[PDB]
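Because only heavy atoms are used, hydrogens play no part in the values below, and waters and symmetry mates are left out as well, while side chains stay in. Per chain, numbering begins at 1; letters A, B, ... match sequence-line order.
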Amino acid sequence: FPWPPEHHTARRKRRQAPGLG
Amino acid sequence: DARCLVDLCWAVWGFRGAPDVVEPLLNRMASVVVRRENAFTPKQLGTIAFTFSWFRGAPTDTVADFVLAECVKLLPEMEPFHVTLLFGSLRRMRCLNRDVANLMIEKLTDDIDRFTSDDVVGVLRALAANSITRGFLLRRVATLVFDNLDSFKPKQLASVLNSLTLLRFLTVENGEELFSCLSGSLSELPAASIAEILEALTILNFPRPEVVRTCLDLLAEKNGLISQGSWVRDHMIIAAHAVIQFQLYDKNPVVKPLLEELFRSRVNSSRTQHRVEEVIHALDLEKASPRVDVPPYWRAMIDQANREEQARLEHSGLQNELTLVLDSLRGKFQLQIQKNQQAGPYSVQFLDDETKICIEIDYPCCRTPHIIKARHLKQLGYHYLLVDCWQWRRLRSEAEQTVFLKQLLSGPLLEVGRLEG
Amino acid sequence: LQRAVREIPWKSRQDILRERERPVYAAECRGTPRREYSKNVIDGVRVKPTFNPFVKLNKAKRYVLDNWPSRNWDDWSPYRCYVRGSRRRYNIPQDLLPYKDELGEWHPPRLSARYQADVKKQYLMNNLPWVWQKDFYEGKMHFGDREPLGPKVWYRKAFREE
Amino acid sequence: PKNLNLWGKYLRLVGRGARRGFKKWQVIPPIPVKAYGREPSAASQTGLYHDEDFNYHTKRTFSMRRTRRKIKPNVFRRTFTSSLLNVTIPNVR
Amino acid sequence: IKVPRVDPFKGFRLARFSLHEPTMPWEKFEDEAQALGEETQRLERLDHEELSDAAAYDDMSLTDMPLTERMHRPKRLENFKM
Amino acid sequence: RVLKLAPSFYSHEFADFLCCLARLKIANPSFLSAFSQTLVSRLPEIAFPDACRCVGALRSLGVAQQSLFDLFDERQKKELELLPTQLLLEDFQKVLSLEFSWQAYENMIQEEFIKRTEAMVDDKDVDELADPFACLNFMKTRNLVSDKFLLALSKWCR
Amino acid sequence: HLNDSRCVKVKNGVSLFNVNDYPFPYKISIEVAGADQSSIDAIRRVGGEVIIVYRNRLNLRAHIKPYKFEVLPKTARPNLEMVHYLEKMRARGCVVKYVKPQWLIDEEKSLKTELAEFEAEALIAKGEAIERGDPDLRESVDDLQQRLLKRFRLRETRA
Amino acid sequence: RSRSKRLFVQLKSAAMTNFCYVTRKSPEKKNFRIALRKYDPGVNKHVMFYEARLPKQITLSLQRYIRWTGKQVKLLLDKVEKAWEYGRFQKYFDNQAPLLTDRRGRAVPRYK
RNA sequence: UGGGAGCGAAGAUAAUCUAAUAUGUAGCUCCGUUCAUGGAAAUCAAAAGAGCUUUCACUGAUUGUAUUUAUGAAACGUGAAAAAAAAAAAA
RNA sequence: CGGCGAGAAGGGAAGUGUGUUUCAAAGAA
RNA sequence: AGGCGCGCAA
């Protein structure tokens with residue numbers, strides 16, 4: 001049981017990447 | 001200005017054939033395009049991409065990367081014609097990627113409402129070529145076609161029929177509905193159109209071999225004899241496969257030289273290997289068929305293509321999805337099914353030799369309906385089953401998959417004797 | 001509504017400040033209004049703090065309006081403002097910012113954030129956006145737009161169901 | 001709350017009744033006098049004790065018996081030489 | 001005081017709080033140039049035509065009208081009296 | 001792009017674009033039919049003066065759809081009944097100075113304002129006006145003064 | 001209106017409840033904080049409308065007593081629990097008014113795509129690829145997506 | 001105080017639903033594994049159940065002493081950590097312990 | 001001085017008894033009460049907002065602490081009282 | 001027919017997902 | 001400001 005889900009973590013990272021450079 | 005180099009792009013495209021005189025000019029055009037960033041429109045970007053797609057080398061590579069970068073930015077402002085044009089261009093220049101392809105397809109699905117007849121034909125052709133089976137997009141486009149049949153020329157109708165049949169999207173009733181309109185202009189249609197209709201009817205297994213024989217006659221008349229040299233490899237393979245499938249040997253001696261020249265020609269195709277298997281096996285085993293030999297290098301290349309297909313099957317995850325449920329079925333039928341085994345001179349995805357039962361999945365990549373393979377396996381004594389891709393997709397749960405496979409397996413088990421009537 | 005609740009300011013500060021509106025008061029009806037005051041309402045959502053012409057003043061609010069120079073709308077200027085009940089007039093925005101002391105180190109602003117809030121309230125009553133915010137022209141990744149993870153027990157239950 | 005450098009953070013904003021009803025025996029360890037706000041002692045004012053001075057602490061046992069005890073500061077008697085005062089200063093505490 | 005025993009909306013779920021990636025169901029399965037160029041040039045030359053009046057932009061041929069327009073525009077124009 | 005963006009337009013933007021089309025004499029029945037559907041969808045969120053401007057611009061451009069104009073009329077009546085008195089007066093003054101307008105809408109706002117002024121009785125009724133004497137001067141300019149309003153104003157003055 | 005007529009004094013919000021599933025005689029449009037399914041059905045059966053506008057405590061205070069505010073506050077966005085409640089009420093059949101989050105918009109887009117092709121695959125398998133019928137009567141893409149999303153959200157309910 | 005020597009047996013479901021039944025068996029059959037086919041509401045039919053191996057006390061006085069002096073806080077910090085890792089205090093759809101503490105620092109509401 | 005500071009009990013309730021209550025009470029020492037206490041947010045709150053400090057009523061004997069006895073002018077908030085911020089760079 | 005913007009401390013607090021909110025441990029009656 | 005109550009029938 002992984003937590004937080006890896007897909008959620010990757011999606012958050014990708015959403016942050018463009019706004020934060 | 002920024003249009004002088006677009007006009008010069010078209011001028012160089014004029015030398016599309018024999019692409020040698022314009023090589024230095026292309027070397028300069030690549031630099032000009034690179035240096036004129038943020039100076040063209042989306043459709044001028046499309047024009048540059050189209051012009052440089054039909055060439056190879058360093059300038060084409062630089063234009064490739066440049067259009068690949070600019071397309072992501074300029075996609076929202078494009079129109080379906082130019083979306084399809086850039087899709088085809090990138091597929092030609094080999095710089096395409098999964099994300100960009102998905103973006104293009106989603107844009108087209110959103111822009112369905114603006115599709116013209118030419119856009120419909122082009123998108124269907126691309127989807128059929130790449131075996132891109134998106135149910136919702138295909139349903140919308142087919143609804144457009146079947147609502148505006150009168151708005152499509154017979155050539156466009158032939159192309160749409162071919163694309164949908166390759167996608168496995170039409171039934172016999174839909175094929176009849178389209179052929180009713182296509183019937184009036186068969187003579188007027190050119191060689192390529194007739195070949196496309198013949199391939200579509202072969203894949204559909206049209207219940208009236210009369211139209212198949214008529215299409216064969218028109219194709220033969222339009223392309224002439226083999227000595228004329230007008231036949232194209234795809235047309236020859238189509239005619240031979242149709243003849244072998246529909247058992248027109250008694251009426252197609254003229255196909256014998258066509259097969260001779262087909263086998264004499266070298267092999268470089270990537271998706272006709274299945275049909276080449278089918279014709280090879282029919283020629284070797286069906287004595288009534290035209291008698292032509294098969295070069296050993298033909299046979300070896302066909303075997304290598306089979307091995308590559310096996311590698312692709314192993315890579316695909318659908319195989320494991322079917323394997324799990326087949327293993328689960330052992331509790332009821334104890335079938336010791338195995339992978340990539342031999343059932344006669346064919347290679348089969350799933351085989352259980354104890355009960356002589358072979359199972360395969362009907363991928364869109366195959367241009368054949370596998371009817372010849374099924375008939376030959378029946379003659380050799382193997383019970384052959386093929387799973388329709390759409391019907392397999394329909395099932396959502398393992399229970400539904402188990403019921404579907406139970407229904408598929410019920411038939412042969414009676415013949416093998418593992419079940420009582 | 002989605003666009004309005006996300007607009008980013010673009011006009012110049014001077015042009016914005018030239019648009020000041022003096023407060024105008026009108027009483028509510030004797031009974032109840034047939035609807036809500038809809039100056040900045042889209043689809044039932046108030047997308048902006050709106051000055052209320054229909055306030056019912058109590059003793060405290062009336063005292064503030066009558067006595068405090070900061071509420072004397074006939075002598076109000078966006079660049080020179082009184083704070084709450086002050087009698088001193090402060091330069092805006094020069095007095096809202098921290099400054100360096102005789103040692104060259106940072107010092108808190110002459111107007112604290114609490115009084116800057118009163119200046120902001122005066123601006124809003126005068127129908128002016130608060131243009132002196134640090135990042136006025138920048139869009140914000142609003143807290144409500146973040147994707148939420150549901151309760152961890154839901155994921156545990158899904159894992160156990162699998 | 002404010003005055004985070006001084007003791008009473010969770011008392012500062014709980015109410016008047018709690019502040020008046022606070023029970024000293026709740027505090028087991030000694031609190032520094034400066035942070036507590038305690039009056040300096042006469043001994044501290046006659047010596048140089050800086051942060052240290054008489055304090056109190058509570059004894060609590062598993063039986064829940066409480067007891068408060070006064071505790072004296074750790075002080076030494078030392079001699080200093082002062083140039084500003086031009087004299088040795090014996091026995092400063 | 002009295003309520004129906006069954007509340008048919010209990011168990012409502014708002015969104016997909018799933019363990020795995022939201023993969024699309026398709027993901028498991030993944031001469032004529034003269035006509036193309038002539039069509040591209042024919043479309044390009046049109047965008048560059050000077051308009052007589054600003055309202056004649058959409059005065060194009062039926063074949064090049066989007067199909068959905070070819071089906072719905074007559075009804076819209078029959079209902080939008082001028 | 002305009003047809004794509006229309007559903008997210010504000011009411012004043014609907015009015016501004018229709019007025020720009022009317023000014024430039026850019027009439028195209030296909031585009032107007034497409035735009036009017038979004039306009040009708042967003043109708044319950046259109047202010048009275050903006051609706052007046054939209055109707056005027058459409059009439060100038062040549063739109064003659066009775067059903068569309070009936071929907072507009074119903075919306076106008078409802079907005080008139082919804083507006084409080086002070087904002088009703090403000091919208092009256094706004095409507096009196098529009099590029100394009102509808103004379104029936106002007107008459108409707110005038111009649112509603114007259115009815116509201118004649119309904120006033122006491123100081124609480126007159127308190128609904130920001131400047132009762134400025135309103136009196138406006139009604140003097142327009143020949144709208146009435147005995148009942150004068151009596152209510154005298155009670156308010158007391 | 002309810003507060004001012006003293007039909008009910010509002011502290012947190014009004015919730016409608018019906019008794020014995022008795023019918024309602026008047027066509028009305030009413031905004032409330034909550035409502036039982038029986039009340040919603042009775043109101044809508046005669047052409048009525050039940051509306052839910054999201055309001056924080058301050059927003060409800062300003063909505064009931066705007067005369068106490070010199071500057072009215074802007075309505076705030078809901079949290080996860082309130083988004084769940086608002087979408088559940090919309091499924092029940094009420095009109096809903098709140099600012100929808102970006103994550104919810106994106107996920108609704110993705111879910112709509114996925115469910116649309118689940119339906120498309122089912123129809124193709126059955127052999128109904130072509131939407132036969134008059135296009136003037138067929139359902140729209142948005143309406144179909146709404147239907148599929150509602151069914152997906154009602155998966156584990158008794159409907 | 002019961003003086004029975006019978007052994008307590010917990011039969012866990014083989015469907016991994018965590019459902020259980022409870023019974024007792026004779027001490028003579030300590031090493032005998034009990035198995036039964038009984039209804040499991042998690043899957044809504046009869047499945048197999050198997051006996052499991054089943055491999056100081058924090059009293060009120062100890063809790064009071066810890067919370068008044070905090071000399072053995074780790075004992076209860078461990079329980080808090082276990083709850084946090086399991087999924088307590090997730091802010092939503094939790095009437096019992098939605099949050100670790102209120103804004104003022106109290107651990108409320110009291111749910112036990 | 002049932003106001004503020006320091007130290008700080010037992011008789012009484014718990015039907016004995018412990019905690020807790022009594023109570024931070026009594027005694028003792030020190031401030032000396034609106035010209036006073038205190039005080040102009042590195043505050044409180046929610047993703048909306050309030051705006052130093054102080055007094056009254058409600059929220060409410062609610063949420064709490066004590067877990068046999070009881071204690072609890074809680075926090076946010078609402079309606080009122082009073083209203084203030086800062087003459088002041090030298091001359 | 002409003003344009004890249006007017007010196008806002010790099011520190012404190014807020015769930016530990018801080019993208020967001022708030023304040024400046026520094027001043028008078 | 002706040003408090004209590006507000007049919008279970010039609």
Shortest non-hydrogen separation from [X] to [Y] and the atoms involved:
X     : Y     : value
E:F80 : F:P29 : CD2-O, 3.6 Å
E:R73 : F:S30 : CD-OG, 3.6 Å
E:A55 : F:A27 : CB-O, 3.0 Å
E:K81 : F:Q65 : N-CG, 3.8 Å
F:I26 : E:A54 : CG2-CB, 3.6 Å

*Pairwise distance CG(E:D53) to CG(F:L24) - rounded to 0.5 angstrom*: 12.5 Å

Taking everything shown except [X] itself, do over 12 heavy atoms lie less than 6.0 Å from its [atom1]?
X      : atom1 : value
E:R42  : CZ    : yes
F:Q93  : CD    : yes
F:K148 : NZ    : no
F:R75  : CZ    : yes
F:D70  : CG    : yes
E:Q34  : CD    : yes

*Non-hydrogen atoms of chain E under 4.5 Å away: do they reach the side chain of F:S36, the backbone, both or neither?*
side chain

*Under 4.5 Å heavy-atom distance to chain E, tell me which part of F:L21 shows up: side chain, backbone, both or neither.*
neither

*Could you tell me whether the side chain of E:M82 reaches within less than 4.5 Å of the side chain of F:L61, counting heavy atoms only?*
no

*Indicate yes or no: at least one non-hydrogen side-chain atom of E:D58 is less than 4.5 angstrom from one of F:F31.*
no

